[PDB]
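Shown next as structure tokens: one chain only, the form deposited in one PDB entry.
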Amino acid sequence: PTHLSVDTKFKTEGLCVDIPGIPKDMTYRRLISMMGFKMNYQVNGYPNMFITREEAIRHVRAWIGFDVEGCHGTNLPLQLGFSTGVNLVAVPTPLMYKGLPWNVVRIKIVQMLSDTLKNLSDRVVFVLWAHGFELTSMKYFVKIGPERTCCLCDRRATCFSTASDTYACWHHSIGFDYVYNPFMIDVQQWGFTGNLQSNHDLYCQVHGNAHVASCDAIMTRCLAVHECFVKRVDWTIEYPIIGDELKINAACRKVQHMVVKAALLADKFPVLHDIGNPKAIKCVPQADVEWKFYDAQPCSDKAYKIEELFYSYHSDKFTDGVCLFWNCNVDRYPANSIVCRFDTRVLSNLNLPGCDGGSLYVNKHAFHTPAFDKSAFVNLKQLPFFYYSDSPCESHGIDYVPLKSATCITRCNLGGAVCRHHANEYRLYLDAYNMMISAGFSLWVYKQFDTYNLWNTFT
């Protein structure tokens, strides 16, 4: 059962204030038909406009919360709100646009979805808390049919133009007027008691109710993110590569080895406490240090409390040596720590808005991360950039400008002139470092960390 059967029942109780008299007995087949669409017994990749919770999770990058509020409904204006923060007024004659006819509103909808989604997904999934008007407004901006490809590329078609009678993906849709073969999911079908605001406000204080359609669209998508990624965590779902995923992950491994290796050399801790990932391997396998592991899955709701991770009777002394928290989000890091913490506020194609300040970081897997909080790092300082290498000065095997840098911690820089090998490795490491920081990761270290202590490791 790959797709959602059209003959599945759809609960219509949430629809009856906007649509009084709505039949209690309803299927997706009958609902799509009443929304003014015709599926025509077509076996061409679009079996249902509506999708399962499982299909929505795999297409989280395509999620766009959508709500429609009656301003005054064929005779009255409609306020269309999207989780992008946009509000458009459609007339049948927190950005707020004045009343305009459907023929111009639909051009704006195609532009907005195309700009938001071209670098995220091959589709759109309208996330709803369906009350009626949003479903009956879809016939004014949506066209359906067989699965098609773009007129200018191989990507699947997401838009249609009535002017040219052609189809386009999100990348080539300038001037297009119809959303083609969108997907949608009604959060109210999952079984909730009470309205949208009461269910959303149970888990989130960051999204308020300013009483506009875009606030509801935002609350709806936030509630769906909470249900599918915060309280239910699935690390077996893989997601496509849409950017610098591989470079970011390779950089993260390079930076971790570099920072931990230099902390061990500079301060000679007798024991390292590695807290986090139950499948972690020693990042510095040749280090002398006693390596002790403590399992903690990535927290997706609230940050771990250091009192619960550490106190309940382990070397016992976490105060001895150093603590390594590589993406293990805690409320307050101990002073003897090496930390990598993802900054949820970062703007990127990998980082989607999350629940209660948190963010949904999608890189191979989906990781809902609790809100970045500066007070967690009060016992530490920001880790400054440095490159450290004790490998021999030898080239082996891209042109050159002599490198001059106070942060290239090598025997050759100590001796006055950086060798070509360490200059090539430094620049590669600096590129990897900048990639990781720009992806949203932040590095923190114990206050006594000083790179001046690495120079005497060459004697």
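We call the rigid core whatever largest set of C-alpha positions still superposes within 1.5 Å between the two forms. Only residues modelled in both forms are compared. From 1 onward, residues are counted along the sequence shown.
Separately, the form solved in complex with a small molecule exists; it is not shown, and the next lines address it.
At 4.5 angstroms, heavy atoms only, are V339, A376 and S442 all close to the small molecule in the deposited complex? Contact check failed for every one of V339, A376 and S442.
Though only this chain appears here, would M39 touch the small molecule in the deposited complex if you measure heavy atom gaps against 4.5 Å? Because a heavy atom of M39 falls inside 4.5 Å of the small molecule in the deposited complex, the answer is yes.
So, in the deposited complex, is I32 in contact with the small molecule at a 4.5 angstroms heavy atom limit? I32 belongs to the contact set for the small molecule.
Test of understanding: in the deposited complex, would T52 fall inside 4.5 Å of the small molecule by heavy atoms? No - in the deposited complex, heavy atoms of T52 and the small molecule never come within 4.5 Å of each other.
Is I144 a contact residue for the small molecule in the deposited complex, using a 4.5 Å heavy atom cut-off? Judged by the heavy-atom cut-off of 4.5 Å, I144 is in contact with the small molecule in the deposited complex.
Name, in sequence order, the runs of three or more consecutive residues whose C-alphas all shift 2 Å or more between this form and the one not shown, counting only residues present in both forms and superposing on the rigid core. Shifted run of three or more residues, which all move 2 Å or more: only 42-44.
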